[PDB]
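In the authors' numbering, the protein residues as written are 1914 to 2126.
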């Protein structure tokens, strides 16, 4: 053609300066969600450029593969964070999920969660990678009746693979846990109108002629 003439261009992927464009049977680039060869492509309404990474449409999160612009489903690790997506709709999950019978938990931000959280069953632990002999980072485990310490705070389990929150003294040492935080209290605590003091490094109630400062 002459330079700048809008020529006919149909049914092929156009790559221009690293971007991606798709044209219909006519000579116009397409916008919005598009299906070619069952791949679930997406294009911007004001640029017609395919997506690169995480792209929230209105409220649902998404992931698109860089250098190919095809959507990806399943466990996708982007920017040093773990994500999981749907198979039918490819939406990142929010909340505790029953996928594969392992009770994965997610936040409103779709990064994976590590620690103990208040679930529907109660307070169930979620473990990092390579703690259990075959575990996914963020998968609930069969941890039973052992003391666990993550970033200073401590709490104790039971035989039902759950986190307890009562007083429940063990070997004449009381380990009070919070009713919602489910962590052991440290320092001064005025519970039920009475005074109890637990230690800093450990979390038992000191008894006897115990002197503070």
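Idealized CB from N, CA, C, for every residue including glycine.
According to DSSP, simplified to helix, strand and coil, what is residue i?
i, result
"residue 2104", "strand"
"residue 1990", "strand"
"residue 2098", "coil"
"residue 2118", "strand"
At the level of alpha carbons, what is the spacing between residue i and residue j?
i, j, result
"residue 1931", "residue 1979", "11 Å"
"residue 1929", "residue 1941", "15 Å"
"residue 1925", "residue 2051", "41 Å"
"residue 1950", "residue 2092", "53 Å"
"residue 1948", "residue 2036", "43 Å"
"residue 2086", "residue 2071", "16 Å"
"residue 1975", "residue 1946", "12 Å"
"residue 1967", "residue 1977", "7 Å"
"residue 2002", "residue 2019", "17 Å"
"residue 1964", "residue 1982", "6 Å"
"residue 2007", "residue 1970", "16 Å"
"residue 2009", "residue 2032", "7 Å"
"residue 1915", "residue 1943", "24 Å"
"residue 2000", "residue 1987", "7 Å"
"residue 2069", "residue 2034", "17 Å"
"residue 2047", "residue 2094", "28 Å"
"residue 2118", "residue 1955", "59 Å"
"residue 2038", "residue 2064", "15 Å"
"residue 2055", "residue 2116", "24 Å"
"residue 2084", "residue 2017", "34 Å"
"residue 2123", "residue 1992", "50 Å"
"residue 2114", "residue 2125", "15 Å"
Quick one, which of the options has its alpha-carbon nearest residue i's?
i, options, result
"residue 2067", "2035, 2112 and 1985", "2112"
"residue 1937", "2047, 1921, 2069 and 2094", "1921"
"residue 2029", "2081, 1969, 1975 and 2090", "2090"
"residue 1939", "1919, 1956, 2034 and 2123", "1919"
"residue 1952", "2121, 1984 and 1917", "1984"
"residue 1933", "2038, 2083 and 1957", "1957"
"residue 2120", "2055, 1944 and 2088", "2088"
"residue 1990", "1973, 2049 and 2081", "2049"
"residue 1973", "2084, 2004 and 1959", "2004"
"residue 2027", "1962, 2047, 1961 and 2053", "2053"
"residue 2079", "1927, 2055, 2065 and 2096", "2096"
- Any 3 or more C-beta pairs closer than 8 Å across the segment 2010-2017 and the segment 2064-2077: no
Determine contact between the segment 2095-2103 and the segment 2048-2063, defined as no fewer than three beta-carbon pairs at a distance below 8 Å.
no
| Considering only residues of the segment 2031-2093, which uninterrupted beta strand (DSSP E) runs meet the minimum length of 3 residues and lie entirely inside it, listed in chain order? | 2036-2040, 2060-2063 and 2066-2069
Practice problem: Assess, as a yes-or-no matter, whether the segment 2021-2039 is touched by the segment 1992-2001 under the definition of 3 or more beta carbon pairs within less than 8 Å. | Solution: yes
- Count the C-beta pairs between the segment 2106-2114 and the segment 2030-2042 that are closer than 8 Å, then say yes if the count reaches three, no if not. no
Margin query: List, from N- to C-terminal side, the beta strand (DSSP E) runs of 3 residues or more that fit wholly inside the segment 1919-1983.
Written below: 1945-1947 and 1954-1956
In chain order, which continuous runs of the beta strand (DSSP E) of length 3 or greater are located wholly inside the segment 1998-2034? 2028-2031
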